[PDB]
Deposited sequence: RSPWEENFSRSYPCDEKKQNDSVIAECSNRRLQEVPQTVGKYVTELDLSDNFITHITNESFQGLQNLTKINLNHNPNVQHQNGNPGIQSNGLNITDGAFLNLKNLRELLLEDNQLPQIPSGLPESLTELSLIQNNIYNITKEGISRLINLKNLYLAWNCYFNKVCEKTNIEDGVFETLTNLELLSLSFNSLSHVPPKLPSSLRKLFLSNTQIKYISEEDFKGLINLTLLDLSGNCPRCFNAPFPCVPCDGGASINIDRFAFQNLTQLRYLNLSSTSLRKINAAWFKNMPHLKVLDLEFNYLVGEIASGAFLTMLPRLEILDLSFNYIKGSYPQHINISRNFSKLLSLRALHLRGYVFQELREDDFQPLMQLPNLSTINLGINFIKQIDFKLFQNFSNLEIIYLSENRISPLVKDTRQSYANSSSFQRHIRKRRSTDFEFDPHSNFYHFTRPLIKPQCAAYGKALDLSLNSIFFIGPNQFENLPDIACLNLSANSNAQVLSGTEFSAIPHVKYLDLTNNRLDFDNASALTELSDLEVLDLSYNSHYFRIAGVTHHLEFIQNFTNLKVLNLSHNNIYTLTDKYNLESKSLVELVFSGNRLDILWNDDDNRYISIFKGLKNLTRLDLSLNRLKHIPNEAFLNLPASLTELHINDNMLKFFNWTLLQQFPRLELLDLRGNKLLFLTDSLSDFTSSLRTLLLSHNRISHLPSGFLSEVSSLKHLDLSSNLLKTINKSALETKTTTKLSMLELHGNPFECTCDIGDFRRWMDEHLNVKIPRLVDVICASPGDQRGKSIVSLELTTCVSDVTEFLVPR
């Protein structure tokens, strides 16, 4: 670690981190060692020939977000210097023009979120070895520019260009004279309404094309959005893509398509993913004209093609959907329909490869759960945000994808265990006794936020006893009855976060006895169940359990139990490694209670409590403990003799406490501490009296910079490997002459 840039080594290339250090010029310490430089989130506004000299070993400069609040001054040839400069990022800098005078060694140039309106030869016709060029957000509702002007041939010379991102800019036409070497052409939100034959004449190599937000369909647009001539459509000629033989991805989101010409995929048997969401294509879904041309598609998205004023009975799926033999996921979010039958999805049932169906936000009230058994390999069923009821009787970031969320539908940690079903945000206020009948073998089940008030008695998941991951978060479930969920003999993950039932009985209040007949349950989350009361004893004997979260409960109220009934409330869980006691409003954990914790614990969090006094001396029973998180507490003091107490602990987060005095016998035991966190306490000074540590957090402590402090800065220098995060945020409170400056940029003994 040198000041002002924390330094670390990756590969045979030294990287320098000077981001968010608030500096106003190119730093000084940066040795010729450095090869990739990071300068983002600063207050720099000047870049000269002198800024970058001597460093010639540099291949890269980050430099985005400068200054942070005219723009940022770049001098003709301030970079012409370095013959190693590969990548050069300059996003969000308020640049008026394209840096005049630039290195040829440049491969990947970024220039987005600036004020470049002229695109000129004088700027970029020299960077031949340019590969990836980004230029989104440059004439995007600035009104000091009608069109992003591009001068002819500004792309025909950059013969090594693979990627061009002109998305989110104001062009009316498609830039002529591009290089045939192109592979990705991003042009979203560019205001193109006419697409010619010529526009894409001879990019025979192009793989991805992105034409969204052209004539948008402003459902929930996270940015300025303006529709075409009423319900007007982006107008695409049939021979627009004749040449585009090599092509995997097509994103035609928000174009307001009504009719899909099927002449477009005539010469393109390649295409792997089609995005046709936020359009008007209900007719085309039903009359699948193009649906014939796509045998190698694996993912299809037709989401938010719903018609205003409409709520059909059923969803009209063309037969031409059985020509989609390669499909692996289908995305049908927000058609909006009332009932799904076996019939309606008939065309998809003889599709061999289809493994995800996405039906969320379709506000559907009834589905035949049988119809899902006629699939040959499905393990994702997403039905979130529909109106399924209890069943009775019947046996900002531009680097992102705006039109298609890339987060997993289900949690991987769940989609692991087998077939995943998501019934979250539905109307299942209790569990109908027919709720699960005709369901495939379910491994992963989400019932999140159904305000489900079901008394559980162990009957309810009988149709599906083979569940592993079950998520019941945000519900009003009762499980005072000990038979509760016990049908689920294979269950490993129970997520019961935030549950208040409606059947409090006195002396039955909370009854966890039901945990004990699990032979296989590993993760148990009971956060925010507001338990202040057990009628099950303190013995919860289970060797299955590894991790228990017990946040948002009332541990205090239990441990003030006047007859002392609640001491070993966790002893029985012998195999517990991780435990979580945060937000239980704890003041004094009685000594005998703390000593009755699984001797097996690896992590222990008692943070965001009200803790005053910690009896450190009790850490001797916990010899596997690697992490102790005591953050957000009212702790004053630290044991002078940590030696006596532990030799297993690796991480000790203490921040947001009221620690004034850091004692003398720190590092008295082989403390195994690589990571020590003391930031946001009440430290005036660190004495002299106080090599295995790589991290120390001190930021935001009232430092008293008097020379009395200078012992510490000698230690910060003898021991130079131990990194301090945001050094520049460890500051002087005092004295007056000092208040504001960093401990490190401090002229000492004067």
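By the record, the deposited chain contains unmodelled runs at 1-9, 79-89, 416-438, 734-739, 800-811, with no C-alpha atoms placed there.
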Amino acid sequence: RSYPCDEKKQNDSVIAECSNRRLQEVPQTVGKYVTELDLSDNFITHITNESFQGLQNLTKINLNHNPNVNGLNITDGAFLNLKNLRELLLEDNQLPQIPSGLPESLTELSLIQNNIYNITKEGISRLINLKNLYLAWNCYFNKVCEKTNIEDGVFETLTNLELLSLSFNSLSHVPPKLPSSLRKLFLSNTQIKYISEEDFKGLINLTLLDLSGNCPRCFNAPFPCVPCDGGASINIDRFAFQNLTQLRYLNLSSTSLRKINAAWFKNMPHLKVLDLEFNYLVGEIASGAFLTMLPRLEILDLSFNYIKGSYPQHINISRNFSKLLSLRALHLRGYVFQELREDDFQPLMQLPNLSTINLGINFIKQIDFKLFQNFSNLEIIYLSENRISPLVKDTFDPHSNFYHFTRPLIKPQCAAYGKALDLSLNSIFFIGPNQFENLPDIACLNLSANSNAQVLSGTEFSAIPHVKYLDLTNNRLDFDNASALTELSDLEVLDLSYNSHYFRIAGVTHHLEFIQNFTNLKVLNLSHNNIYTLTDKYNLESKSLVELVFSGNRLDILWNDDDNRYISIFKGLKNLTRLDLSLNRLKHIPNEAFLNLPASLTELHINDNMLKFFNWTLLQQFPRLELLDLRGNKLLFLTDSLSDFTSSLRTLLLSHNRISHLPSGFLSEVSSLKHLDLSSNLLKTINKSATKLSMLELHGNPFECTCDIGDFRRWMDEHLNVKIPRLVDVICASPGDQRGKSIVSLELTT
From here on, numbers count along this sequence of modelled residues.
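The term rigid core refers to the most C-alpha atoms you can superpose between the two forms while keeping them within 1.5 Å.
For the pair 155-163 and 115-123, rigid core superposition yields a higher RMS C-alpha distance in 9 other deposited structures of this protein in 115-123. Greater average departure of CA atoms from the shown form, over structures and residues in 9 other deposited structures of this protein after a core fit, characterises 632-640 among 632-640 and 488-496. Judged by the one-third criterion across other entries of this protein, residue 394, though modelled here, is missing from at least a third of those that model both its neighbours. Per the records, residue 42 is modelled in every other compared entry, just as the shown structure includes it, so no third of them leave it out. Once the C-alpha B-factors are averaged per stretch, 405-413 and 507-515 rank with 507-515 first. When the two stretches 581-589 and 563-571 are set side by side, the higher mean Cα temperature factor goes to 563-571. Of all the options 426, 190, 668, 657, the entry's greatest CA B-factor is assigned to 668.
Highest CA B-factor among 207, 672, 114, 220, as stated in the entry: 672. When all modelled residues of the chain are sorted by CA temperature factor, residue 44 is found within the middle third. In the PDB entry, a CA B factor belonging to the middle third of its chain's modelled residues is recorded for residue 738. In this PDB entry, residue 723 carries a Cα temperature factor that places it within the highest third of its chain's modelled residues.
Sort the chain's modelled residues by C-alpha temperature factor and residue 697 lands in the middle third, per the entry.
Residue 684 sits in the lowest third of its chain by CA B factor, as recorded in the PDB entry.
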